[PDB]
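Everything on this sheet refers to the single structure shown next.
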Amino acid sequence: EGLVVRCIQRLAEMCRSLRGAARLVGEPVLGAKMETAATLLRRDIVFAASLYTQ
RNA sequence: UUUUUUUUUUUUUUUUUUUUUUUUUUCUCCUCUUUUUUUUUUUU
């Protein structure tokens, strides 16, 4: 479980960039379930990162 | 005997206003028959 988190943070970027395409076309049927997936993907272990964040 | 790298949730907020129910039409139009008009009066 070292490459899973990197694959996750790679997936979340394309899901964040598909919103601009769904908005450009004008088809919010997919842009709504994609927004729900985007908010459904953000966990807390992903953002742990390093020790002295703050 | 299969390594290394590919960022992410738009920025903004400390704007004034001194009125008052309604609201706006419909034309001129042959009234039939015993009468002058009876009448005080008293019992409420």
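Every read-out reported here was derived from the displayed coordinates using simple, explicitly stated rules and does not represent laboratory data. Please note: Cβ atoms are built from the backbone with ideal geometry, for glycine as well, and neighbour counts cover all protein chains shown.
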* ³J(HN,Hα) across region A:21-38 via Karplus (A = 6.51, B = -1.76, C = 1.60, θ = phi - 60°), whole Hz, x for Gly/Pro? -> 7, 5, 5, 5, 6, x, 10, x, 5, 7, x, 8, 6, 6, 5, 5, 5, 4
* To do: Find how much the distance from A:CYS7 to A:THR39 grows on full extension, using 0.36 nm per residue of separation minus their present alpha carbon separation; answer in nm with one decimal.
  => 9.9 nm
* Calculate for chain A the 222 nm mean residue ellipticity that helices alone would give, adding -39,500 (n - 2.57) per DSSP H run of length 4 or more and normalising by residue count, nearest 500 deg cm²/dmol. => -22500 deg cm²/dmol
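Suppose every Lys and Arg Cβ carries +1 and every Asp and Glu Cβ carries -1, with no other charges. What dipole size does chain A come out with about its Cα centre, to the nearest 20 debye? Present the calculation step by step, with values, prior to reporting the outcome.
Values: 8 positive and 5 negative charges, 16 e Å.
So the dipole magnitude of chain A works out to roughly 80 debye.
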